[PDB]
Amino acid sequence: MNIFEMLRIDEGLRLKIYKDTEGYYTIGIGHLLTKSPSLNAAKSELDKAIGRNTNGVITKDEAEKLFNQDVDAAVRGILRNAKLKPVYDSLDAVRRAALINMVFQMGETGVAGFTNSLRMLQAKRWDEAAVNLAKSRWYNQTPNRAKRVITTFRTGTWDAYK
Ligand SMILES: [Cl-]
Ligand SMILES: [Cl-]
């Protein structure tokens, strides 16, 4: 198991524009297109991202390409974030994947706000962090995915994905 496989499981794969759990237009493997309520706006962001007139549909290769870019960007965003970096640097490989997952889903700023959880993770107080992570809108809105990521931080194994 790895970050790619992990996110592919959490996000799924869709080749036509769709609405995410928050109602935002998305495509591929969780690639958010726009928050605007307009489908045309989403189509235009899609064409711009792909480099062609897609008409709201992309191929598998194209989805994978967006996915590679998104993963790379999340990593680099963590590495650039003063609040995230030190956490990421302190963790083992499996738990780093859990942090990347959360940034991919919620954005760097979003994650940077779990101040308290971040502090516990850095301190390696696993059970405590798991408990604090659960007291969040994130956990209440997407509980199954959240539970998977949380178990990963708690245990440091990929069991929730097996
Ligand atoms: Cl893009
Ligand atoms: Cl869920």
How high is the relative contact order of the chain? Use alpha-carbon pairs under 8 Å, at least six apart in sequence, and give a whole percent.
17 percent
Overall dimensions of the chain as given by Cα atoms, namely Rg and Dmax in Å
16.2, 50
Proximal charge balance of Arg148 [Cβ under 14 Å; K/R count +1, D/E count -1]
+2
Where in region 38-62 does the amide nitrogen come within less than 12 Å of the point 7 Å from the Cα of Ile9, taken along Cα to Cβ?
none
Distance (nanometres) between label positions extended 7 Å along Cα→Cβ at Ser136 and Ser38
3.3 nm
Against the globular-protein guess of 2.2 N^0.38 Å, express the Cα radius of gyration of region 93-162 as a ratio, rounded to two decimals.
0.98
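Here the Cβ is made from the backbone with ideal geometry for all residues, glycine too, and neighbour counts use every protein chain on show. Values in this text are rule-based calculations from the coordinates and carry no lab data.
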